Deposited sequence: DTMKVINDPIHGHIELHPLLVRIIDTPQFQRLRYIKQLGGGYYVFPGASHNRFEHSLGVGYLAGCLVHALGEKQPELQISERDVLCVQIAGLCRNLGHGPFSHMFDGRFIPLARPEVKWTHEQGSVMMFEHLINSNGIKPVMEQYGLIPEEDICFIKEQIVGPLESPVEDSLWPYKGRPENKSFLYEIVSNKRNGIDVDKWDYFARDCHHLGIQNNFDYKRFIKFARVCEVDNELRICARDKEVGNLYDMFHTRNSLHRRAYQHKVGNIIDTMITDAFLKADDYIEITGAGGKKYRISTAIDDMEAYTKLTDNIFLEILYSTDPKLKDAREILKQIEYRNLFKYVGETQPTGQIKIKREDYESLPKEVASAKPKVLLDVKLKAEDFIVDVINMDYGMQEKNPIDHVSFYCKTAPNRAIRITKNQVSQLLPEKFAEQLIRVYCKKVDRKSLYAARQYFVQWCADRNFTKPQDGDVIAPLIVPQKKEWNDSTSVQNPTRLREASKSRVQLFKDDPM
């Protein structure tokens, strides 16, 4: 009442007792045991940080922004009840994360449970509900002036969007700007991003191109289309674009690091192999698989990065195959990266097609002499979609600006007004190919398959293609 926590990114963070009550629960504390960057820690030893510290940061920044708007614009009638709700959403948006974070909902669940559609945000809402009910938080909310029925809705809406005009039941259109702060559905500019840019750079040893503190200073609320929305100062438009650039740097350099991804792939492989044999106790003593733990929050509370070690230390013969894979990670005996390429023209690769791609690479017949012949099962093909968070769309088209001369009047800024250099399209795809067989002979073969395949599909020439496949590259005139 009220507690101070020291954060290496933000310094000294003040937390309201209600917030601290939420934090001090198994459901929140679970976050301590999940790595923010998953397998990236294996590539970047600095990235040891967990979801928990990030969540504090997100909660803190959400507080900063909402308070700043209140001081600048008292007419907005922001209340402490409003501030706490926004901060709670900030703290709890990452609650739903599974072991190794994005690996879990990004790779494992889709392969393990194709029938189901699941996301960590869906998990965060379920976990939040479980957190409140199991630990008697509603009385505490009431004690500090929150109205649980309205406010819990409001918190969940911030995390996951409308639960099903104005589509939100948590707050009226008058308070629309509040929905922008923690997870920005409209344009993706939100405090969650700011904390992780700063936190990940700090731990990775990389550097950030976006200043979040500056953005808060120049933020204003203006009426847009009978909605009150956060508006950025016109000057700051370049800085917004920088934010997205920074995001893409990080994703290319770290989140989508080629080796880091392969490790995530291998961990997923082990999980699939262990999935039937692992048993996690849920509410009522019911037993769940790693894949089905998402169905019961009590089970899910106990599901964390720890599973990795549980599998690794297991003596059970049923788990032997899963155990071997993790062991290969420890020895650094990884699947081998062959190459990266890009689709040409307007072509994009559909999700359905992903399964067929390894077969496609094996099918290519390079015009070369090969000692050994690879198989579709031997290859791994990873497709990565890089974008400004709106897929093809430009997020800044969806941002609102104001000018120094008339702060109250919102305006729109087109891409042409900022720069002619900026891209026509804001999304592109990367294709990475790996070979499961690591022998020198197998690797040489894989390169030939890969470069031929790139040529066959009219994909962009690999950068090292001249060196890895000198015989294959001359055949394609376009490559020269």
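Spell out the unmodelled ranges of the deposited sequence for me, N- to C-terminal, numbering from the first residue.
Unmodelled stretches, in sequence order: 1, 166 to 171, 488 to 514.
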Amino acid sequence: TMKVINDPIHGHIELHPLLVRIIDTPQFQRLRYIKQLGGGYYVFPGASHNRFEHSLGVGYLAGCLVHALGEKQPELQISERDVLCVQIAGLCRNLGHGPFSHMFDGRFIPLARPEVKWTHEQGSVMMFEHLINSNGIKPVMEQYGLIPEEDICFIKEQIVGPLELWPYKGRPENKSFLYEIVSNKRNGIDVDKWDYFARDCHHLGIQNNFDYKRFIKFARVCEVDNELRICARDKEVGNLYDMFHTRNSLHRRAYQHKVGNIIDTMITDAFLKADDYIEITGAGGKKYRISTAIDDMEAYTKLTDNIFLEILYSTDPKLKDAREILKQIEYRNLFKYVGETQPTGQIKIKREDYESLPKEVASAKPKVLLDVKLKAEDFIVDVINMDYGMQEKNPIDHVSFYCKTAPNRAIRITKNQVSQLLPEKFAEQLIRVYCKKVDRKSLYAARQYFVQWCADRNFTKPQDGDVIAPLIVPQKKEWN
From here on, numbers count along this sequence of modelled residues.
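For the higher mean C-alpha B factor in the entry, choose 448 to 456 or 35 to 43.
It is 448 to 456.
Quick check: 235 to 243 versus 383 to 391, which has the larger average CA B-factor in the record?
The entry gives the higher C-alpha B-factor average to 383 to 391.
Candidate residues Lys365, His257, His102, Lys138, the one whose C-alpha B factor the record puts highest
Among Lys365, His257, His102, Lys138, the PDB entry lists the largest C-alpha B-factor for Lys365.
Choose from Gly90, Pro172, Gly106, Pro148 the residue with the greatest Cα B-factor as stated in the PDB record.
Result of the comparison over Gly90, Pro172, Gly106, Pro148: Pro172.
Going by the entry, which third of its chain does the Cα temperature factor of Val418 land in?
For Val418, the deposited C-alpha B-factor lands in the highest third.
Classify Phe210 as lowest, middle or highest third according to the C-alpha B-factor given in the PDB entry, relative to its own chain.
Tercile = highest for this residue's CA B-factor.
Which third of the chain holds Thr315 when residues are ordered by C-alpha B factor: lowest, middle or highest?
Within its chain, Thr315 is a middle-third residue by C-alpha B-factor, going by the deposited values.
Chain-wide C-alpha B factor ranking for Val66, given as lowest, middle or highest third
Answer is middle: the recorded C-alpha B-factor places it there.
Split into thirds by Cα B-factor across the chain's modelled residues, where does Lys436 land: lowest, middle or highest?
Highest third - that is where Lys436 ends up once the chain's C-alpha B-factors are sorted.
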